[PDB]
Amino acid sequence: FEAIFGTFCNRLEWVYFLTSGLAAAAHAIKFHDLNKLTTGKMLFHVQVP
Amino acid sequence: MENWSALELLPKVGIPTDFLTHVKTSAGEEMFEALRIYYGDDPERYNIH
């Protein structure tokens, strides 16, 4: 006879954005995609000493 | 303390206190929500215009 004494599967490890150290550089918010017409205009008046 | 303090001059001009407890209580709860949405909940650091 011929024998089989093993079947094995690969145990994946999960990765999350919020649990990473890189996320510290981000300010991540979840928001609706309400079609904001290419809202590339954030205009700032910043006080200067 | 300071070299010279501008806070002495605001009441003379007619601008009361820090606006913190003033505009909140003088709003009658109607100007309060308008301030929170259209102005900001923390006038220090940042404000929208």
# chains A, B, ... in the order shown; residues from 1 in each chain; ligands from 1
$ closest_atom_pairs --of "chain A" --to "chain B" --cutoff "10 Å" --atoms "only C-alpha atoms" --output "CSV"
residue,atom,partner,partner_atom,distance
A:43,CA,B:49,CA,9.8
A:44,CA,B:48,CA,9.0
A:45,CA,B:49,CA,9.5
A:46,CA,B:46,CA,9.0
$ write_last_selection --atoms "C-alpha atoms" --output "short mmCIF file (atom, residue, chain, number, x, y, z; two decimals), in the first residue's frame"
data_model
loop_
_atom_site.label_atom_id
_atom_site.label_comp_id
_atom_site.auth_asym_id
_atom_site.auth_seq_id
_atom_site.Cartn_x
_atom_site.Cartn_y
_atom_site.Cartn_z
CA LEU A 43 -7.85 78.00 1.06
CA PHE A 44 -6.12 78.99 4.30
CA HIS A 45 -5.35 82.29 5.99
CA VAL A 46 -2.57 81.47 8.44
#
$ residues_around --residues "residue 41 (chain B)" --least-positions-apart "5" --cutoff "12 Å" --atoms "only C-alpha atoms" --output "list in words"
residues 19, 20, 23, 24, 32, 33, 34, 35, 36, 46, 47 and 48 of chain B
$ select_by_dssp --residues "chain A" --states "helix (DSSP H, G or I)" --output "NGL selection string"
:A and (22-25)
$ write_last_selection --atoms "C-alpha atoms" --output "mmCIF file, in the first residue's frame"
data_model
loop_
_atom_site.group_PDB
_atom_site.id
_atom_site.type_symbol
_atom_site.label_atom_id
_atom_site.label_comp_id
_atom_site.auth_asym_id
_atom_site.auth_seq_id
_atom_site.Cartn_x
_atom_site.Cartn_y
_atom_site.Cartn_z
ATOM 1 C CA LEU A 22 2.417 54.344 9.611
ATOM 2 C CA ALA A 23 -1.131 55.391 10.512
ATOM 3 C CA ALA A 24 0.283 57.841 13.067
ATOM 4 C CA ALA A 25 1.184 60.191 10.210
#
$ atom_distance --atom1 "CA of residue 3 (chain B)" --atom2 "CA of residue 44 (chain B)"
22.2 Å
$ atom_distance --atom1 "CA of residue 30 (chain A)" --atom2 "CA of residue 40 (chain B)"
20.1 Å
$ atom_distance --atom1 "CA of residue 18 (chain A)" --atom2 "CA of residue 40 (chain A)"
25.8 Å
